[PDB]
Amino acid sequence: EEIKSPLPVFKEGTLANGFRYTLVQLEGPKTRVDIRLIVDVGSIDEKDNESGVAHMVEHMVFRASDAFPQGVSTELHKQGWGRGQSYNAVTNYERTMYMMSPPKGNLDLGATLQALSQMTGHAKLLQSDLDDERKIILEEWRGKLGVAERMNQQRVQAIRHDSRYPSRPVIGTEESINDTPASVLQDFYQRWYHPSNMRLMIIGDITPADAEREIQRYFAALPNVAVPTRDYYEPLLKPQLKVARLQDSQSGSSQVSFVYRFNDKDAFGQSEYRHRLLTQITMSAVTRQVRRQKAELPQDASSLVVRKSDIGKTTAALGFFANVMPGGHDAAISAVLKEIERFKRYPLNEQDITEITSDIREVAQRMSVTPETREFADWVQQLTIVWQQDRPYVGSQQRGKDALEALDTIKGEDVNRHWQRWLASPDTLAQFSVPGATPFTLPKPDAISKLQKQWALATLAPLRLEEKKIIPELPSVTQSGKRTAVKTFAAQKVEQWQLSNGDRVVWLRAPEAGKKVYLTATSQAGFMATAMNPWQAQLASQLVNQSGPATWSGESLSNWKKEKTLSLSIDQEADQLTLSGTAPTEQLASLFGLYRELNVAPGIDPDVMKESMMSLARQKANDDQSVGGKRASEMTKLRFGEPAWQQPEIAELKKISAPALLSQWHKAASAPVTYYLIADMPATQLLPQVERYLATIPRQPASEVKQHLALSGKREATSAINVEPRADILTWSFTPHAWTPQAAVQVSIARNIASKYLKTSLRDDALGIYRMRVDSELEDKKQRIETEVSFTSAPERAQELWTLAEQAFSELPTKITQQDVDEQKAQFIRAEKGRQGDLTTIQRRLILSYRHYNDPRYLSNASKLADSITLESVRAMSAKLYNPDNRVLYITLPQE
């Protein structure tokens, strides 16, 4: 698709049995083709004993058919097709769709239509094939049982109440994936899979007269049977104020909302394109105005947003959602209703509607004159969208003319009317998400309506106007420091400067930097430093990183960095502070200047702080009672005895002030710093900038911070607390070992050979292992080989697998073949050579070199690391990956 192809020629036809089909011929690229068939049936069409059947049928039509008793998918495998790359299917509420991208394209067209016709007209749906497929369906089921789905279901339950949708999720239930017989599948198939309920689209390098004869060849003889009439895609809208809790005991969601449901495709006698355009204008105007209203929210709500979503074929929902400091949902809903009320009093800002309308007229003008041309993958995406909702495509060129014509009949009076109908909807909903164990009882509807009438009678300030945008500039630094010494390592192209304030500069003049400057400033100022308060210091770090200098703001910062192709970011780990950035050589003063300003003049954006307080408070409330919280607390007392630090209570969090956070930041920013600089430029260019921005920052000697070191010994623990049917097996093991570049590579080699053998020892599927992984590195700051093995598996198998991995480790040192190693050595050798001139690796190794040697030696003689890889040395190291004397096992089982 490298030469864009123009607006294609569309041909549509209808077979005698009702089968509908669309042929779209592109000029190119050569041979490429795309084939799609929709069956207008989804899980909404299921009856009660048909849970998940639409989706199971989706799977099952790939198995035995009349022409292919060994399976349709298997004929496709034997002709070179691949699952997910060459064919796929998707099932949602309303439709089932089958996608084909034949490996040889145009040539495989009749092979493709034979397969689709088999799938839709001739599926055997055999019980014996069902019993084999059930393994795969259960696996798709088990994979999407997390907390995101359970909440997604909560949202569908509430916003689509009084409809078929909540009780008809696509995947269905575990019981019906286990117990539903293939005869139920055949009755479903025989009710819904008929040609007048199906439509086909073919896109690409095709001859329309020929593709049509093939579609006749394989689809025309299908019997023309009718499917039932349907008029149930729509919630039953009625005047009401429904009140719903959105709840899951593992969700940190803390939010409130008020929602209006209504028929969104009713255009009231006017142009339905014009109507859809009013919607876009209205949403853009509302999105601007609701943002400004952030100023009006009490401390208990933040991030007020308006969202509009389709919740049927014709009904949409309009929602105002806001985040809630846990505990303050009543106050938050009042604020939402207050702001909704304000939008009823006052018309939308007319300069917004003028600007927005103008931006749209601009793009529609351009669209109406430039001939539409697209790449193949683009054409498919555009045509598929319009074809899934059973509508003909309209060119972007023609759509521009339609928009211009509809903008002429649209003034702000219309926008306000459009917006006021939504707000006048009589079908209304109020939803609450309250995290963890926060005291909450669901309001009754009148308690809400009371609030509505309170704000209806109240006197309300006008809508907020747009604040004018502060565009920031860094200050003038004239203050200069001075370099006080120079140690030279010419053989690594590295100089090491000492600076008058105590900092130092490790400058590496790598040609691999090109015209960019790479800055890494490290220092001993981690959030566990003795002077600091661990939780406050991490929050200070995060807010400064996001706010920028004191006189700036989060948004003006992100703006300012983008205009300069500059990045700079703060990472405060437990033992270290690291600021990381890149800039074009030109903008070297901007990067050092931005760095100096984070150090000496840090900012806290009020909005960012408020958002982050709520993010922290909802996770605290969740984690005090969530499974995730209890696993992290047990893992800590198993591995460390006590938490190194802990998040605060919500009450203390609520009192945090920007002065107290800045206080924390300055303790971190006072630690002496080493600037690892990678830049290809003469010292005479780099020295003046280093003496002005970097050497003039006040510093004070800091102590090293003690590592968080896992305790030695054998401890184990089992907890039946999981909520999904799964067992979680984690075990930890270390062996103190001195760090050398070789020892680190030997460990990673041995862990690879380890990684495949602990798979042999444990590939019996009767063990029901869902996922397992094995990790091992010679950690350089801790100087110990640290190994982690983790399983997720079914619960009954669960305690046998550690036993066998343990055994697989004892076995391993005598089982490493020679051609394991020298295939890994060849693998390392080539992977290393990918890494030379890789700036990420050069920078990582310079920093590491100074950590262990206090010089840049590790930048040289990488070529002789490969030779530390012998068989005798990888065996002697594989014997050290698991140490039975230092072992921690943690087993999480489903709650009994």
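We number the residues from 1 along the sequence you see.
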Check: What stretch has the higher average Cα B-factor here, 236-244 or 387-395?
Finding: 387-395
Item checked: Per the entry, higher mean C-alpha B factor between 40-48 and 864-872 -> 864-872
Notebook entry, point to check: Quick one: which of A671, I697, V259, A794 has the biggest Cα B-factor according to the entry?
Noted result: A794
Notebook entry, point to check: Of the choices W665, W552, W419, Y757, which one's C-alpha carries the largest B-factor in the record?
Noted result: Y757
Next item on the list: Can you work out whether the C-alpha temperature factor of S358 puts it in the lowest, middle or highest third of the chain?
Entry: highest
Next item on the list: Within this chain's modelled residues, let me know which third the CA B factor of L126 belongs to: lowest, middle or highest.
Entry: highest
Margin query: Split into thirds by Cα B-factor across the chain's modelled residues, where does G593 land: lowest, middle or highest?
Written below: lowest
Notebook entry, point to check: Going by the entry, which third of its chain does the Cα temperature factor of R483 land in?
Noted result: lowest
Check: Is the Cα B-factor recorded for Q783 in the lowest, middle or highest third of its chain?
Finding: highest
